[PDB]
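Asks: Chains as they are written, first to last, in the entry's author numbering: chain A, 564 to 605; chain O, 505 to 549. Here's a structure for you.
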């Protein structure tokens, strides 16, 4: 099954890259939201 | 007397054997490409 997992690991690799970039995006979004007078972050 | 006997005719064509020949050829060519690429069936899964 490992050699069959190799066939779709390209999908999984690009998916992992997209997830990483999306999480950097969310991190910057949260950083901007911090300086907006929200008491949740406290 | 052939009008009261001889059974019933059949418009039958041996297309199934042709289809099996095509399927066997496809399997052979796919195996040949796998061998040439060095990527065997046991090596893909």
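Heads up, the beta-carbon is just placed ideally off N, CA and C, and yes, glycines get one too.
(1) So residue 548 (chain O) contacts chain A; which residues on that side make the cut at Cβ distance below 9 Å?
(2) In the DSSP assignment, find the unbroken alpha helix (DSSP H) run with residue 544 (chain O) in it and report its ends.
(3) Would you report the Cα separation of residue 583 (chain A) and residue 547 (chain O), rounded to the nearest angstrom?
(4) State the DSSP-derived secondary structure class of residue 512 (chain O), mapped to helix, strand or coil.
(5) Consult DSSP for residue 548 (chain O) and reduce its assignment to one of helix, strand or coil.
Replies: The short version:
(1) 566, 567, 569, 570
(2) Careful: residue 544 (chain O) lies outside any alpha helix (DSSP H) and carries neither H nor E.
(3) 31 Å
(4) coil
(5) coil
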